[PDB]
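Below is one structure, written out as structure tokens; the observations come after it.
Side chains are part of it too, since the values below use all heavy atoms of this structure and drop only hydrogens, waters and symmetry mates. Both ligands and their constituent atoms are indexed starting at 1 by order of listing. Here is how names work: the chains are called A, B, and so on, in the same order as the sequence lines, proteins then strands, and each is numbered from 1.
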Amino acid sequence: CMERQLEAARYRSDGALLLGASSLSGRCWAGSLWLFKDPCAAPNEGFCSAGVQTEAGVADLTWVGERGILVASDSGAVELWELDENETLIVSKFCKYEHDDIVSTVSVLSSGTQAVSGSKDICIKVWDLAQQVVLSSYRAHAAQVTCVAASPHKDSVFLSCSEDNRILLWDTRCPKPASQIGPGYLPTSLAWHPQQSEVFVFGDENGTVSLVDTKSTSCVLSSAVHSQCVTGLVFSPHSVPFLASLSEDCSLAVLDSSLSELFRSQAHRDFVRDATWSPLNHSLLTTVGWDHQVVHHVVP
Amino acid sequence: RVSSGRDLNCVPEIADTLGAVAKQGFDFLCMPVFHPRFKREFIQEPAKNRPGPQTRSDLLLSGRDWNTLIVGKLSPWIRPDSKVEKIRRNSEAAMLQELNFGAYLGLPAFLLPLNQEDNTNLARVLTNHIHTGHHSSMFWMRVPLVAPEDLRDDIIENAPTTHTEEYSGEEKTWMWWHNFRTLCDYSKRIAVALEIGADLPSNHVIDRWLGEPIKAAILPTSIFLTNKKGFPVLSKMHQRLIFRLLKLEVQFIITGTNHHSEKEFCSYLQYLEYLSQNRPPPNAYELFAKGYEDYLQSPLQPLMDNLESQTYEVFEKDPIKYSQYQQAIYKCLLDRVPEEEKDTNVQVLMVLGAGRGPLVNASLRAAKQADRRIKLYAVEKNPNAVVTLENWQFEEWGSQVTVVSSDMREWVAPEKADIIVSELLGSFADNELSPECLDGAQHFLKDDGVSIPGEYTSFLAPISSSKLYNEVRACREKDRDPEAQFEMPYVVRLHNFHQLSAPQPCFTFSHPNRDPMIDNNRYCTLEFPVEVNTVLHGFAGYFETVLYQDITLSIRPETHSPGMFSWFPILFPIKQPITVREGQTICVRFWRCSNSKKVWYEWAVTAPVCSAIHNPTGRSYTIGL
Amino acid sequence: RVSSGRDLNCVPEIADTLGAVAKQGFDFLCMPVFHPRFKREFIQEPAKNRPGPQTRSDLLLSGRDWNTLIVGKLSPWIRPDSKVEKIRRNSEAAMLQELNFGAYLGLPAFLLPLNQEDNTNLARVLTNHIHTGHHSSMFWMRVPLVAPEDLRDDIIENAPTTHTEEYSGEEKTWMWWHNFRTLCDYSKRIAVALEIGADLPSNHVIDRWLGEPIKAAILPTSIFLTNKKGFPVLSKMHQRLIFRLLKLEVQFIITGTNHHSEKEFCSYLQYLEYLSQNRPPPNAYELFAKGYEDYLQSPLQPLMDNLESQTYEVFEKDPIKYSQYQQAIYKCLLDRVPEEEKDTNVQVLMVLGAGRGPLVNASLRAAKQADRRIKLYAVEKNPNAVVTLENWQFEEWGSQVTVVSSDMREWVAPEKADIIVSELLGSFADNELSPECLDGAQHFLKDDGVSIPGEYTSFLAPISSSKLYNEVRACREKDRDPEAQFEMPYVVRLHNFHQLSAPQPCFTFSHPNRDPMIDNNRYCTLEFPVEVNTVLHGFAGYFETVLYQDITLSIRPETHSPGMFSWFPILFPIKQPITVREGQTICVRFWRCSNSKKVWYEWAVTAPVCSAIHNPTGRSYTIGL
Amino acid sequence: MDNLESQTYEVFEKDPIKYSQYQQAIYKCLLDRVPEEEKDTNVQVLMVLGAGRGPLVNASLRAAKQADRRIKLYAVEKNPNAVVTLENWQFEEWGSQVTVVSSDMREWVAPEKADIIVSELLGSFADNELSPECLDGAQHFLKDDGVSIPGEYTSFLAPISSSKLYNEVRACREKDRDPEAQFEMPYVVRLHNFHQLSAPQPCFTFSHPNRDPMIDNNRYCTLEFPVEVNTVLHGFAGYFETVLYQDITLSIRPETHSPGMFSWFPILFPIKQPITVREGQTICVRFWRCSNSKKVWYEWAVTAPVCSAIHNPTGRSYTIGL
Ligand SMILES: Cn1nccc1COc1ccc2c(c1)CCN(C[C@@H](O)CNC(=O)c1ccnc(NC3CCC3)c1)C2
Ligand SMILES: Cn1nccc1COc1ccc2c(c1)CCN(C[C@@H](O)CNC(=O)c1ccnc(NC3CCC3)c1)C2
Ligand SMILES: Cn1nccc1COc1ccc2c(c1)CCN(C[C@@H](O)CNC(=O)c1ccnc(NC3CCC3)c1)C2
Ligand SMILES: CSC[C@H]1O[C@@H](n2cnc3c(N)ncnc32)[C@H](O)[C@@H]1O
Ligand SMILES: CSC[C@H]1O[C@@H](n2cnc3c(N)ncnc32)[C@H](O)[C@@H]1O
Ligand SMILES: CSC[C@H]1O[C@@H](n2cnc3c(N)ncnc32)[C@H](O)[C@@H]1O
């Protein structure tokens, strides 16, 4: 079986689909990882390329290259699982318990050899995936870290947002790496702009998505897109990308450069947890939700 | 032994996890009853109608296991004091749901966090849950010594940490607690789970907490140092705090992951047990008093009622008190008659209040010790004890001792005494009417006569204790004033309290009273400098007494007689707690009042704010003459 | 084991005597605290000033020995109700003195005799002693089954014994008790030491006593017969009475001298232990109920509140109840669909109130037993139990069972049911609002549908019990009506009580209610013939229920389901006890009242005297809808 | 739960300002709901939800005679004793035009839908007499374009200082209940020997018809009152304002009090213990409107400058039966 609460969906460059799920109810509170080289057949357990069971639930994951999978676990662990060379098995590479609470967010840095993890233990940690050790451990926030997101091009730059209403830009080259980018509502999701290395977007718990230029600490634009917490933001692979927003209001939205809505979907019956764009068809957007649905949308 | 639990936020299999943590040696497990990441919608569709089950089944454990081994933890996403109305409503519904499920499981305790200043709606929901249904679960408010905002690393360039010191600011967490329990009206089911950080705060912050109802102390694994062999240890100051908590008999909760990954996880608990075994050994007083900690005892009547046989039996076994009395009598006999008179002079001793005759035998031993002659009278108003006295006088004492079944105020003495000896002192010295009795008796003391005790003095000290305030509040009884329990003193081995200022003398009495207008009514004003922020709930009372010259007894803490268990401190509560700031002065006033029939105390606080005059005209507490 | 004591009136050496009687095997010793022949003067001289000691010393035993092994006996010369005023005053003083000495010794119980009709001043002195000081000694009133005047030999020529029978006259001793405890206002510290004579009285006299607070049964050695081997034995009727007393767990006191002088004294106690070992073995119900004897339980809310997990856990272990339910469902399935239809016809079953699913599995077993097809709905309003239900439906049941988290009165059913099954019956059948719930649910029952239970009926019976009356009186709480505790029914395993008449049906409900004006309000009048003199304190309540045709459950004593522990009887008390004579009729009236929000009972006694209408408009007890 | 006595109707019927304002509201609504070219073709369905002895019925009749429009009147009343008065008046005076309906508005199955519903269910704290619940139970037979009079209402709170009223509340301790229950219930009182410490600020607001799919009348509100004197806080005075129709308003708020309107006295939420407030300090109070299926009650607590106990939790001392 596959745990009902589908938590993460990520498209690989070659077209395969990675699924991370967790059992948030029932007897066992574990999790699982799955790889479908046929993404239309998901989430059928007999129609997958590979699958493995973790000990605890998967709170977040991300690809690490073409065969690596970095998992933030409920157990307080960060675990790297490497795919098979035949791509038929998912075998654990390391599983280090370094956080004193649930690891809720992970992000691979631009070099692809280091990662950033955030947890409900209020700390953020930098990981060297090769030496399987923690390089640095920062405690800049005052509440649980909701999201971390590595900059796509700068290896020492990443964003964090926590329930202390702080959004922090991090350049680990400075003696004080964190810088506060401003109090309204708590930030929940962070998404760098894929082209402009100094622009990002953040969603808040109130359903608003805002676009921020890091040069000037002021919201260039914002829009109330959802009625509930914005849980994720993913940009499309287009030359001029579209912005996919998922929320706890069970709806998916696709906005443009000026945050104007072009697509709206209510195909999900529970929380929408992750969205990923097809690298083979840029108009295809695959979303997953706690209703165990894997929906493939055709965005105009 | 240490009652210790393991805190966890990830439980895949409750059977496996409980078995593992029990094999590690823990006594209970703090876990979530719902998956902490499993947020639930209650208002708007479609997430409103998410098919169940909502959590794991109660059948996975037995009723006894649920009742003794599981502590519930409120889900972290539940924020009733959020500023988003949707989140507020969903958190209210989910908090009620999780508390009701904890009550359904019969959980002994449930954990809720205090991690911000405003927890008003959290307190509203918790109070409504407490006043709904019939459940007996404790509620542990998880509150840190230092708030996480004041613990964060100084790594934010454009938002540095204020390196300047704020006295009340570094106390803010206590206020978080104080307001919360104030909104819940001092519910006896709402206790503190104090969480200790890597860096302890200054001493005053830690001083605030030790008068509060702390039921658990939470020790993260990140605060444990590493010794030479690799085992997790604590700093010396952390060890001091752990010792203080062990005196309070709190339960110790180990949270976080295993950071000493060469050793197993039971090493932290092993170090805790090591500290517990190597604690300072208790003295004789702490052994005699074990079991009476913070147990309130209502006022008795030393003259209206008679003491039971077991009471004499237990209070007869105080060797320090009676050895001091024997030394006093011995020194007095030596100073009252020279050696050239040791055979020509017989001294008239009168034990005014002999009981079963411990002071009679003390006088006999003091005479055999000073090699002087004595003539003994043993006066006792309790006839049941007069039976014991007369049987002893027939079997042992003989002609020397004359047993007098009478009140000393009523007894027409056949002759006058050289020495009168008594032990009529209560916890507040004169609260058992020793002045009135000795005044009624001093007319048959020789003009050069000696009274033992020679004098006595009472002492008062303002205290802070939510525990004892709640204990007094719980003494409300039907068919009397709903606030009469606050207008009477209690005898209690004070324990979970905070002494706010040094004890200062209140009332003093001397015997014989060499004044023509003998008046035992008193009015006294005491000013107590307070050098912390605190909440005043009452006044502890002690006493000292001069038996003879340098021979003394004392329950005053600074001069306490070693190993003397006969007297516990007294407690004068106040109806309403009074907030005191740093540097403010607590000004209190005490009256000793009396008429022909009874004696009572009246007391009122006049600074920093006025209280009501407590026990006016003795309407709630009197001592029958 | 038997808690047995030795009564003595001659104790030369208390150490020797206690050691001897303990070597004999007794558990306590009833002795005099003063020499029984040592009369004392309190008023006039010179005997007023008799030099002491007045009795033996308390130092002859330890405090624990005094507290656990000694029962005091009032001196026999003390007669507070004498007709000589001097003797009255001296007896008052001496009775106060001896009671105060017993309190001083910490004696667990003190013995006082009731050997005449007028004990008014004795009761005055005892009540004043009870309301003086702080002591916790029990007071055993020694009262015989037959007064000594009615036991005397017929050897007085000019004063023969009346050989004619008097019904109330031979009950006179009970009146001696009843007046006494009435003068003392039913003090919980005043119990009965019933003394058994050689010739037992008629059955009714013995029937009076067994609802009274008997703490001790006194067996003189003169009543013991002699068997073939020479050991002391009892008659068969005495053995029956001893068995009844052993069910009441009284303590047995052996008094008098050793009349079987060939055997030792421990033979009487050996025979008592023999009877105790050879008592009738307890049934399954008496084993399940051991510990709940006369324990009152306040009314719960079946709809306002939710049941805890342990409650489901314990009430799930009743095999008789659920086997009867399974048989009912099985017979109904067989009678609702023939064998030629066993595959073509699926039956819609709805468990209205499923809890953790015992009736769901009962329906599954009944279907597997009748070889018929069923479609199961499990409706439950308690969400905590819905968690259990949904976990079981995912792990075991599957598509067949549909879990419905809703109130049956609120649930919009998708289809209609062939059978609805419920277990909503309280101790008084309808006191847990089964009629209202099933009325709100019967709209989705097929026009030919079946409800299990098919019907139910409540039963009432007047009872006599000073024990339970005192237990209800002790339920007065602050901040409510001082008599509200008398206006609510209690669930209690009745034990120390006397059923005065046969149980008669009170209220009856059927399902489906085939009446257009469905009204669950009721008014009923019950007449109970009483054939003894007694004191009415309340009405016991039971119920019977027809689940299906001949399948029945019952807690009515005459038809009680064997070994069924799920339901204890109910108790409707009355504020004031009502005296009933032989042949009189107890006429009681019961109302079942309701509005849109709540349901409650009202009841009043109208014969032989009127009581106040109890619980009017539900001011003291309601059942939330 | 209870029914009003005849003398109560008699005295509260003699408020000319209140009923003239109601008449003006109904008149303006009739004029704005139907044009003059329709004055004969269009009959308006009016439903007086809670008619009592019929003062709003005659107000509607007068407003129709004033606007020259046709109306069809329903007079719904749950108090049967007042239904006697209503039916006697309908036989003697009103006639076919008025239909008397002896029922609760939440229970009444209406034969048709109303253009206008008129009610006077407002207490001293506006919603403390359960006007929201009643009008929510009634709005299902209001036309989709229907109008409710009052259109909306809002409650106001202001911290007060009064040893007199504190002692008066203290003297309300009764046997056989909580010795502090008298502090956990609101009182209607013509405040007099008191000191208003800050300006009244709005607390709770209700609109009709409630155009929200999730109609929730439970509320949680926080109010901050700047205090510019040293004083002792003993409770909170409560007033209300109501929009009957557009610019037609009623108010017992002191700054905007309707002139000569005696129908409503202020309300008083006491606190168990007086709270000292210094110059410049801020009184922060919190009010909850709570409810279950059976009852509605208020809960309130002071959180600044010091915390009080949460008053009347779970309605243990004061509820309003539904
Ligand atoms: C004449 N005679 N003959 C034989 C013996 C005697 C002396 O008889 C007495 C009788 C009573 C008292 C005294 C002497 C002196 C002390 N006094 C203290 C009270 O004023 C206040 N109570 C307390 O402080 C208190 C309460 C409970 N437990 C306490 N301690 C625990 C620790 C293990 C025992 C202390 C009561
Ligand atoms: C649906 N489901 N799933 C799993 C299990 C279930 C059935 O759950 C229940 C829950 C509660 C009750 C029942 C069934 C039926 C009986 N009912 C009796 C009350 O009406 C009155 N109480 C008494 O009579 C009483 C009180 C205390 N102890 C007693 N007996 C002692 C002797 C050893 C136990 C009896 C309470
Ligand atoms: C339908 N119908 N038919 C005929 C008449 C009616 C209208 O019947 C009513 C009946 C009752 C109420 C109203 C209308 C509206 C006002 N409402 C106020 C309550 O909410 C709170 N009470 C107070 O404020 C109060 C208390 C005591 N005296 C007060 N004023 C004194 C000054 C001289 C009178 C005010 C009660
Ligand atoms: C050791 S406690 C004081 C002892 O003295 C006795 N006592 C107290 N007051 C008096 C009094 N007024 N006259 C005689 N004995 C007294 C008490 O009964 C007790 O034994
Ligand atoms: C075995 S006790 C009766 C059972 O039925 C449930 N129950 C009682 N009343 C109702 C109701 N009205 N609707 C649904 N379930 C109910 C109770 O929660 C309990 O589990
Ligand atoms: C003038 S006070 C409000 C009036 O409306 C009536 N009323 C209050 N609530 C309702 C209700 N729910 N249904 C009908 N009439 C009501 C009252 O009985 C009173 O006459």
Answer yes or no: is there a donor N or O on one side and an acceptor on the other, between the side chain of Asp318(C) and the main chain of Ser566(C), under 3.5 Å?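 The answer is yes, because a donor-acceptor pair under 3.5 Å joins these two groups.
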
So, the side chain of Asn283(C) versus the backbone of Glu286(C): is there a donor-acceptor pair under 3.5 Å, distance only?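 Between the backbone of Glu286(C) and the side chain of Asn283(C) there is a qualifying donor-acceptor contact (under 3.5 Å).
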
Give a yes or no on whether a salt bridge exists between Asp439(C) and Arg409(C), defined as a side-chain N under 4.0 angstrom from a carboxylate O.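 Between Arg409(C) and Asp439(C) there is no salt bridge, as every charged N stays at least 4.0 Å from the carboxylate O atoms.
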
Could you list, one pair per line, each nitrogen or oxygen of ligand 5 together with any protein nitrogen or oxygen closer than 3.5 Å, giving atom names and the distance rounded to 0.1 Å?
residue  : atom   : partner   : partner atom : Å
ligand 5 : 12 (N) : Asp407(C) : OD1          : 2.7
ligand 5 : 12 (N) : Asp407(C) : OD2          : 3.4
ligand 5 : 13 (N) : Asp407(C) : OD1          : 3.3
ligand 5 : 13 (N) : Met408(C) : N            : 3.0
ligand 5 : 15 (N) : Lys381(C) : N            : 3.4
ligand 5 : 18 (O) : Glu380(C) : OE2          : 2.5
ligand 5 : 20 (O) : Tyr312(C) : OH           : 2.8
ligand 5 : 20 (O) : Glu380(C) : OE1          : 2.8
ligand 5 : 20 (O) : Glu380(C) : OE2          : 3.4

Does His135(B) have its ring centroid less than 6.0 Å away from the ring centroid of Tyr104(B)?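 No, the ring centres sit 6.0 Å or more apart.
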
Please check if the distance between the ring centroids of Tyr601(B) and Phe428(B) is under 6.0 Å.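 That pair passes the under 6.0 Å test.
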
Kindly compute the distance separating CD (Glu423(C)) from CG (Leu547(C)), expressed to the nearest 0.5 Å.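 Taking CD in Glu423(C) and CG in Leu547(C), the distance rounds to 10.5 Å.
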
Is the positively charged end of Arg556(C) above the ring of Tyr542(C), judged by distance under 6.0 angstrom from the centroid and angle within 45° of the axis?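 No.
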
Establish, yes or no, whether the cationic atom of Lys321(B) lies under 6.0 Å from the six-membered ring centre of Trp567(B) and within 45° of the ring axis.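 Output yes; distance and angle both within limits.
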
Short N or O separations between ligand 2 and the protein, below 3.5 Å:
residue  : atom   : partner   : partner atom : Å
ligand 2 : 3 (N)  : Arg356(C) : N            : 3.2
ligand 2 : 20 (O) : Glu432(C) : OE2          : 2.4
ligand 2 : 24 (O) : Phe568(C) : N            : 2.7
ligand 2 : 30 (N) : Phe565(C) : O            : 3.3

Member of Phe543(B), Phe315(B), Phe288(B), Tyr292(B) meeting the ring pair (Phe, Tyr, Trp, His ring centres under 6.0 Å) criterion with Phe568(B):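 Of all the options given, the one that passes is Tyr292(B).
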
